[PDB]
Each structure stands twice: as structure tokens, then as C-alpha cells.
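Reproduced below: coords-v3.pdb, with PDB, C-alpha atoms.
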```pdb
ATOM      1  CA  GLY X   1     208.470 127.977 178.758  1.00  0.00           C
ATOM      2  CA  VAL X   2     205.050 126.412 178.174  1.00  0.00           C
ATOM      3  CA  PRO X   3     205.262 123.099 176.232  1.00  0.00           C
ATOM      4  CA  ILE X   4     202.191 123.762 174.072  1.00  0.00           C
ATOM      5  CA  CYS X   5     204.276 123.126 170.960  1.00  0.00           C
ATOM      6  CA  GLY X   6     204.547 119.377 171.491  1.00  0.00           C
ATOM      7  CA  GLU X   7     207.849 119.212 169.645  1.00  0.00           C
ATOM      8  CA  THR X   8     210.990 117.404 170.694  1.00  0.00           C
ATOM      9  CA  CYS X   9     214.159 119.488 170.746  1.00  0.00           C
ATOM     10  CA  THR X  10     216.130 116.263 170.459  1.00  0.00           C
ATOM     11  CA  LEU X  11     217.289 117.281 166.985  1.00  0.00           C
ATOM     12  CA  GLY X  12     217.613 120.902 168.086  1.00  0.00           C
ATOM     13  CA  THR X  13     214.836 122.154 165.813  1.00  0.00           C
ATOM     14  CA  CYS X  14     211.267 123.399 166.294  1.00  0.00           C
ATOM     15  CA  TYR X  15     208.756 124.033 163.534  1.00  0.00           C
ATOM     16  CA  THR X  16     206.442 126.133 165.675  1.00  0.00           C
ATOM     17  CA  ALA X  17     207.723 129.687 165.262  1.00  0.00           C
ATOM     18  CA  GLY X  18     207.982 131.226 168.700  1.00  0.00           C
ATOM     19  CA  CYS X  19     208.812 128.020 170.536  1.00  0.00           C
ATOM     20  CA  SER X  20     212.175 127.776 172.257  1.00  0.00           C
ATOM     21  CA  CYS X  21     214.310 124.678 171.812  1.00  0.00           C
ATOM     22  CA  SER X  22     214.665 123.669 175.451  1.00  0.00           C
ATOM     23  CA  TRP X  23     216.498 120.379 174.827  1.00  0.00           C
ATOM     24  CA  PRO X  24     215.032 117.925 174.592  1.00  0.00           C
ATOM     25  CA  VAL X  25     211.654 119.731 174.275  1.00  0.00           C
ATOM     26  CA  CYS X  26     210.374 122.750 172.341  1.00  0.00           C
ATOM     27  CA  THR X  27     208.574 125.082 174.729  1.00  0.00           C
ATOM     28  CA  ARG X  28     206.874 128.355 173.864  1.00  0.00           C
ATOM     29  CA  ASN X  29     207.774 130.936 176.503  1.00  0.00           C
TER      30      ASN X  29
END
```

Step by step, read the file and then write its structure as C-alpha cells.
Amino acid sequence: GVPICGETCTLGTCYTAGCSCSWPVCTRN
């Protein structure tokens, strides 16, 4: 849930293992 990954889930993909792809943002827990 916390956006400490700083990745956009726009393409439906996150590089940070553990981060959820909460379109359009990758959030970890």
C-alpha cells in the first residue's frame, strides 16, 4: 500500500519485488 517503490503501474509491471501493481502506481503493501 505504501508507494515507496516510486514505480508507475501504467504498463502493469513493477521491478521492485514485493511492490503491488496498484494501477497506475506500484505500491509496496

Matched chain/residue IDs from the PyMOL selection byres ((chain X and resi 25) around 9), as a PDB file with C-alpha atoms, in the frame of the given file:
```pdb
ATOM      1  CA  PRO X   3     205.262 123.099 176.232  1.00  0.00           C
ATOM      2  CA  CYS X   5     204.276 123.126 170.960  1.00  0.00           C
ATOM      3  CA  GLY X   6     204.547 119.377 171.491  1.00  0.00           C
ATOM      4  CA  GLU X   7     207.849 119.212 169.645  1.00  0.00           C
ATOM      5  CA  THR X   8     210.990 117.404 170.694  1.00  0.00           C
ATOM      6  CA  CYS X   9     214.159 119.488 170.746  1.00  0.00           C
ATOM      7  CA  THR X  10     216.130 116.263 170.459  1.00  0.00           C
ATOM      8  CA  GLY X  12     217.613 120.902 168.086  1.00  0.00           C
ATOM      9  CA  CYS X  14     211.267 123.399 166.294  1.00  0.00           C
ATOM     10  CA  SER X  20     212.175 127.776 172.257  1.00  0.00           C
ATOM     11  CA  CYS X  21     214.310 124.678 171.812  1.00  0.00           C
ATOM     12  CA  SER X  22     214.665 123.669 175.451  1.00  0.00           C
ATOM     13  CA  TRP X  23     216.498 120.379 174.827  1.00  0.00           C
ATOM     14  CA  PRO X  24     215.032 117.925 174.592  1.00  0.00           C
ATOM     15  CA  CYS X  26     210.374 122.750 172.341  1.00  0.00           C
ATOM     16  CA  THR X  27     208.574 125.082 174.729  1.00  0.00           C
TER      17      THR X  27
END
```

- prompt: Residues picked by the PyMOL selection byres ((chain X and resi 29) around 6) here, as a list in words?
  reply: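 That expression, the PyMOL selection byres ((chain X and resi 29) around 6), corresponds here to residues 1, 2 and 28 of chain X.
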
Give me the box for region 2-11 of chain X as AutoDock Vina command-line options, namely the centre and edge lengths in Å to one decimal of a box along x, y and z that holds every listed atom plus 6 Å on each side.
```
--center_x 209.7 --center_y 121.3 --center_z 172.6 --size_x 27.1 --size_y 22.1 --size_z 23.2
```
